[PDB]
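# Structural features, examined
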Amino acid sequence: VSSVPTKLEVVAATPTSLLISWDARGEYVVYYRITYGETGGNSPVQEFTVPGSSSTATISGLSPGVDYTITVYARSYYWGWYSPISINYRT
Amino acid sequence: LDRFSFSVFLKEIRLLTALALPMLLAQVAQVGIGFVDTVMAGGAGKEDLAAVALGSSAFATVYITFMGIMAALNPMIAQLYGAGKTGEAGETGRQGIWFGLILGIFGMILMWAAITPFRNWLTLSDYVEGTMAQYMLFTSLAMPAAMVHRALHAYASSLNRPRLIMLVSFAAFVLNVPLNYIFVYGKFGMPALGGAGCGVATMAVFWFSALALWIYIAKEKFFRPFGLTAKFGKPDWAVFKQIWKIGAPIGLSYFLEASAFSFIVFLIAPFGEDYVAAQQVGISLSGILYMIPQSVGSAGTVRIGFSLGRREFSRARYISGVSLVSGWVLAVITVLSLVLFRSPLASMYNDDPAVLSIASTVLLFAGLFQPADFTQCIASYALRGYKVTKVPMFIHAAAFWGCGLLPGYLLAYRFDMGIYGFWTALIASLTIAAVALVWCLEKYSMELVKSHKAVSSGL
Ligand SMILES: CCNc1cc2oc3c/c(=[NH+]/CC)c(C)cc-3c(-c3ccccc3C(=O)OCC)c2cc1C
C-alpha cells in the first residue's frame, strides 16, 4: 500500500547504453527489478535486477538511437511490489 | 543568422530568493588578503627605494596563474557535495593539496629561476635596476608558493557552506602587519633585511594561513584524509590528472589578465608616461573593487557545480542567471561610482606612488569595459564554474587578448583623445564575451534538458 520509487532520470547514454539514476531512500525490505525494452511493443522485455538504495545503476543499452521505455520496481515488507515507475526517454 | 545564443532571458520563474550571499564572504575574506598588500606597499615606505612591488607583483604572476588551476577544483569538490564522502571528495581535496604543494613547489621553483630581472630592453622603473634587495622578496617571498597553494587548496575546499576563511584571512592579515615590519626593521626578530623583509613577513603568513587549513578539521566531520597523498593509477594517477584540464584551462586563461598586464604596462611606454602611468591608480582601482564583483561568480561557481551533483539540473543553471544578474545590478549601480567619482583629497601616495595633478582620462574606461566585463568573467566562473566548461573557455580569452591585440596599438595612433582607445576591442574584444560564454550558458542551461532525462516524477 503506497506510491512508486518516485524519481525519474536517465541523465544521458553512452549513445548505445544508458545511465538510470533514480530515487531509493534506503531500499525497502530491498530490491529492484527494472523492466527492459523499447516502447515499440515488439522487441521483448528483459530484466536488470539490483539491491540497496540503487535504482541508481546502468543498462547494457544494445540497439541504436531507438526509443526505449524502462520502468523500475520497488520490493518490500511483503515480498510483493511497492509500486512501479517509468520513463521512456531512449538514446 | 539571428539567435545562436538561444532563448535569452529564461533564467527566471520566482528565484528572487537566490541566496548565494555567503558566496560574498568568500570574496570579502579576499579583501582580507587583497589588503595586506597596501600595508606593505605603505609598510615598505619606511624604506625609500623599497618600491618592492617590483618583485611582489612579478611574483604574484605564478601565484594568480597557478592559483587558477587550484581554485579550479571549486566545482570538483562542491559538485561531489551531491555525492557523499567529503573524503573521497576529500581524497581529491587531499590529492590536490598534494598538487597545491607540488605545483606549489613550482611557484617555489620557477621562482628560483625567476630571479634574473638582470635583463633590459625598454623604459625606466620597468628595467632599470640600481640596488636590488628585490633579490630577496624574490626568494624570502618566493620560497613561499609551496605552502601557499595548499593555503588556497583551503578555500578550494570551502566549496560547501563555509568561509572559516573570512575568519582567518583577517586574523591572517592582522598577524602579518605586526610581523610585516618586525623584519623591515624590528625587535628581537631578525630585524635587518627590510626590503624583502616585508615579504619574508608576507610569506611567513602564507605558511600561517597554511595551517588555518590544518586547524579546520575542527568544526564538524572530516576533510582530513592526508593519508599519503600519493597518486599512481595507470602511467600516472588522475583525480589529479583530472585536476589537469580544469587547471590548464584556467591558468592559461588567467593569462587573460596576464597580458592585461603587458598591454596596460606597455602603453605607459610611448612618450605617454605621466597620467598614462596613472592608468594604475586607475586600473588598480578596477582590480580593487572589481574583486568583490567578478568573484561572487568565482564563488557562486559552487552553487551551480554543487547543484549538479545534488541533481537539481538548472534548478541551478537557472540560478546561474539570477546570480549573473544580481551583482550585474551592482555592475551598473557601481559602474556609476567609477566614471563618476575620482581619486579625490584622501588619495595620499599608496598602492602606486602618484595622485595630485593628473587626468581622469582614467575614468574613461571605468565604463567602457567595466560592467561589459564585470560579469563577462562571472559568466565563466559559472561555466567552467558549473561545468567542465573552461575546456576551451581557455579559448574564451584567446580573443580577450588576440582581439584586443590591435586595439593595443590602436590608442598610440588614436582618432579621439583615445587614452581609452586601445580599450577599443579590449572593451569590444571584451564584450565578445556578452556572447562567447553567456552563449554557452544557453547552449548550456540547454544541456540540462538533454541531461534532465526525466522531466518530473510520480508522487
Ligand atoms: C591590488 C593589486 N595591486 C597591484 C599594484 C601594482 O603596483 C605597481 C607599482 C609599480 N611602481 C613602482 C614605482 C610598478 C612598476 C608595478 C606595479 C604592478 C605591476 C608591476 C609589473 C607588472 C605588472 C603589474 C600589474 O599587475 O599591474 C596591474 C595594475 C602592480 C600590480 C598589482 C596587481
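Residues numbered from 1 in each chain as written, not as in the entry; some residues may be left out. Chains lettered and ligands numbered in written order. Heavy atoms only, no water.

What the deposited record gives as its method is X-ray crystallography, and the resolution it gives is 3.59 Å.

## Let's talk about the site of the ligand
All names here are of chain B. In the region of the ligand, the neighbouring residues are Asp37, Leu54, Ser57, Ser125, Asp126, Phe261, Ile264, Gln280, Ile283, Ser284, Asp351 and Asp352. Within the side chain of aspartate 351, one N or O atom sits 3.4 Å away from a nitrogen atom of the ligand. Against a free-state accessible area of 670 Å², the protein chains account for coverage of 75% of the ligand. Taken together, the residues of the shell around the ligand sort by class into four nonpolar, four polar and four charged. (Near = heavy atom within 4 Å. Polar contact = N/O pair within 3.5 Å; in protein donor to acceptor, adjacent residues only side chain to side chain. Areas by Shrake-Rupley, 256 points an atom, 1.4 Å probe, with all protein chains shown as cover. Nonpolar A, V, L, I, M, F, W, Y, C, P; charged D, E, K, R; others polar.)

## Remarks on the interface of chain B and chain A
Between chain B and chain A, the residue contacts involve ten residues of the former and 16 residues of the latter. For the pair chain B and chain A, the two sides together bury roughly 1000 Å², of which 53% comes from carbon and sulfur. When residues of chain B are sorted by the area they lose upon contact with chain A, B:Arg311, B:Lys453 and B:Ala454 head the list and together hold 54% of the total. Applying the counting rule to chain B against chain A returns one salt bridge. Two residues, A:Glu9 and B:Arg311, come together in a salt bridge whose shortest N-O distance is 3.6 Å. On the surface where chain B and chain A come into contact, there are three residue pairs in polar contact. Considering only residue class, the side of chain B that touches chain A consists of three nonpolar, four polar and three charged. (Contact = heavy atoms within 4.5 Å. Buried area = accessible area lost by both parts, 1.4 Å probe. Salt bridge = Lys/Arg side-chain N within 4 Å of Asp/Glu carboxyl O.)

## Digging into the packing of helix α9 (residues 164-171) of chain B against helix α10 (residues 173-184) of chain B
All names here are of chain B. Closest axis-to-axis distance for the α9/α10 pair is 3 Å, and the angle between their directions is 15 degrees. Considering the angle they form, α9 stands roughly parallel to α10. Listed contacts from α10 to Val168, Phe170 and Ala171 of α9 are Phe173, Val174 and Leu175. Grouping the constituent residues of the contact of α9 with α10 by class yields six nonpolar, no polar and no charged. (Axes fitted to C-alpha atoms, helices over the stretch in contact; angles between N-to-C directions. Helix = DSSP H or I, 4+ residues; strand = E, 2+ residues; numbered from the N terminus. Parallel < 35°, antiparallel > 145°, perpendicular 65-115°, else oblique.)

## Examining the environment of B:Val276
Residues and elements named next belong to chain B. Of note, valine 276 is situated in helix α13 (residues 273-276). A residue is classified by how much of its surface remains accessible, and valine 276, at 5% relative accessible area, is buried. Note: C-alpha distance between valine 276 and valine 362 (86 residues apart in sequence) is 7.9 Å. Those residues in contact with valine 276 that sit more than four places away from it in its chain are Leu267, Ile268 and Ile419. (Buried < 20%, exposed > 50% of the residue type's maximum accessible area, 1.4 Å probe, protein only.)

## What to know about the packing of α10(B) against helix α11 (residues 199-208) of chain B
All names here are of chain B. One way to put it is that α10 packs onto α11 with a least axis distance of 8 Å and a crossing angle of 145 degrees. Seen from above, α10 lies across α11 with right-handed handedness. Taken together, the residues of α11 that come into contact with α10 (itself represented by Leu175, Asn176, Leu179, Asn180 and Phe183) are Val200, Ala201, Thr202, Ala204, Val205 and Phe208. The class makeup of the residues in the contact of α10 with α11 is eight nonpolar, three polar and no charged. (Left-handed = near helix turned anticlockwise from the far one by under 90°.)

## Re the pairing of strand β2 (residues 17-20) of chain A
The side chains of a regular strand alternate between the sheet's two faces. All names here are of chain A. Examined bridge by bridge, strand β1 (residues 13-14) and β2 share two bridges and lie antiparallel to one another. Considered in β2, the bridge of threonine 14 is made with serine 17. Joining the antiparallel neighbours β1 and β2 is a turn of two residues. Where β2 meets strand β6 (residues 57-58), two bridges bridge the pair, whose relative direction is antiparallel. Bridge pairing in β6 places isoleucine 20 opposite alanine 57. (Pairing = 2+ DSSP bridges.)

## With respect to the packing of aromatic side chains
The final tally for this structure, using the stated rule, is 14 aromatic pairs over all chains. Considering the side-chain rings of B:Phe365 and B:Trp423, the 3.5 Å spacing of their centres and the 0 degrees angle between planes classify their relative orientation as stacked. Placement of B:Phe365 in the loop between α19 (336-339) and α20 (371-374) and of B:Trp423 in the loop between α20 and α21 (433-436) is noted, with a sequence separation of 58 residues between them. We classify B:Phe365 as buried; its relative accessible area is 2%. Ring pairs connect the aromatic residues B:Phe263, B:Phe365, B:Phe369, B:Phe422 and B:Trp423, which therefore count as one cluster. Over the face of the ring belonging to A:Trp79 we find A:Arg75, whose NZ or CZ atom lies 3.9 Å from the ring centre. A cation over a ring is seen here: B:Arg317 above B:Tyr386, with NZ or CZ 3.6 Å from the ring centre. (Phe/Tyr/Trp six-rings, centres within 6.5 Å; stacked < 30°, edge-to-face > 60°. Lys NZ or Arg CZ within 6 Å of the ring centre and 35° of its normal.)

## With respect to unusual backbone geometry
Of note in this structure, B:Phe6 is not a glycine but carries a positive phi near 30 degrees. You can see B:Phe6 is positioned in the segment before α1 (31-34).

## A word on the state of the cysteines
The full count for this structure, using the stated rule, is zero disulfides over all chains. With no disulfide partner, B:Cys403 has as its closest neighbouring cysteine sulfur the one in B:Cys377, 14 Å distant. (Disulfide = S-S within 2.5 Å.)

## A word on the environment of B:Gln279
Residue and element names in this part refer to chain B. By the secondary structure assignment, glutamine 279 is in the loop between α13 and α14 (284-288). Relative accessible area serves as the criterion here: at 0%, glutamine 279 is assigned to the buried category. Sequence spacing of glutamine 279 and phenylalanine 422 is 143 residues, and the spatial spacing of their C-alpha atoms is 13 Å. Not counting the four nearest positions on each side in its chain, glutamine 279 is found in contact with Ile264, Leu267, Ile268, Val362, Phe365, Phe422 and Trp423. A distance of 2.8 Å separates the side chain of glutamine 279 from the backbone oxygen of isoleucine 264, its partner in a polar contact.

## Remarks on helix α6 (residues 90-99) of chain B
Residues and elements named next belong to chain B. Counting buried residues in α6 gives nine out of ten residues, a clear majority hidden from the surface. Residues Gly90, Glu91, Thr92, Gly93, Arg94, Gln95, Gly96, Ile97 and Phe99 constitute the buried set of α6. For α6, the elements touching its buried residues are α4 (64-70), α7 (104-114) and α8 (147-150).

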